[PDB]
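In structure tokens, one chain follows: the form deposited in one PDB entry.
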């Protein structure tokens, strides 16, 4: 069988976090998503010559169920920690998301990427250097993505698979 990677998207609600996985799964060119089917969260990809399947969990909309997160944090193999570049509180929330994941995994070395998402035309409040400094203090990569153009989306998920592979 080809390797299956269980990926988990974590981050603040209300700031377009769902666009990351939606854009990955959409071929680009097609704007017609059904979240009720397997193909909406399972994607066969080829990364550095090696074929694999990405099984992505994104519970966007369920952030108020704050006592239900430990389950997916325990099963997930890699985490995309997402904040919106126009929302400082979403950036400041990353620290606790990472602390929970570490606690649940019982480890300081968990495959993880920091993702800065440009979710709309509004003004940037988190500079790339602040986000790069935070990512370096955690020992993880930083990737900026655009929700409108799909730029960086592939790189955010592929970099995470490389972190799992190199763990």
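Residue numbers count along the first chain shown, from 1. We call the rigid core the largest set of C-alpha positions that still match within 1.5 Å between the two forms.
* Asked: Of the other PDB entries compared that resolve residues on either side of residue 32, does at least a third omit it?
  -> In none of the comparable entries (those modelling both sides of it) is residue 32 left without coordinates.
* Any chance residue 121 is unbuilt in a third or more of the other entries we compared? -> Yes: coordinates for residue 121 absent from at least a third of the compared entries.
* Greater mean Cα temperature factor according to the PDB record, 61-69 or 116-124 -> Going by the record's values, the stretch with the higher mean is 116-124.
* Asked: Which of the two stretches, 133-141 or 29-37, shows the higher mean Cα temperature factor in the record?
  -> Per the deposited B-factors, the answer is 29-37.
* Asked: Quick one: which of 156, 9, 147, 12 has the biggest Cα B-factor according to the entry?
  -> Checking the PDB record, the top C-alpha B-factor among 156, 9, 147, 12 is at 147.
* Asked: residue 160: which third of its chain by C-alpha temperature factor?
  -> According to the entry, residue 160 has a C-alpha B-factor in the chain's lowest third.
* Taking the entry's C-alpha B-factors for this chain, is residue 98 in the lowest, middle or highest third? -> CA B-factor rank for residue 98: lowest third.
Keep in mind that the form deposited in another entry is not shown, yet the notes after this line are about it.
* Of the candidates 119, 101, 56, 134, the only Cα that travels 2 Å or more between this form and the one not shown, given a rigid-core fit -> Flagged residue: 119.
* So, does residue 33 move by 2 Å or more at the CA between this form and the one not shown, with the core held fixed? -> Comparing forms between this form and the one not shown, the residue 33 CA shifts at least 2 Å.
* Asked: residue 15: CA shift of at least 2 Å between this form and the one not shown after core fit?
  -> Yes: residue 15 shifts by at least 2 Å between this form and the one not shown.
* Asked: So the Cα-Cα distance between residue 40 and residue 8 shifts by 3 Å or more in the other entry; is it shorter or longer than what we see here?
  -> Closer together, by at least 3 Å.
* Shorter or longer C-alpha distance for residue 52 and residue 32 in the other entry, given it differs from this form by 3 Å or more? -> So the answer is farther.
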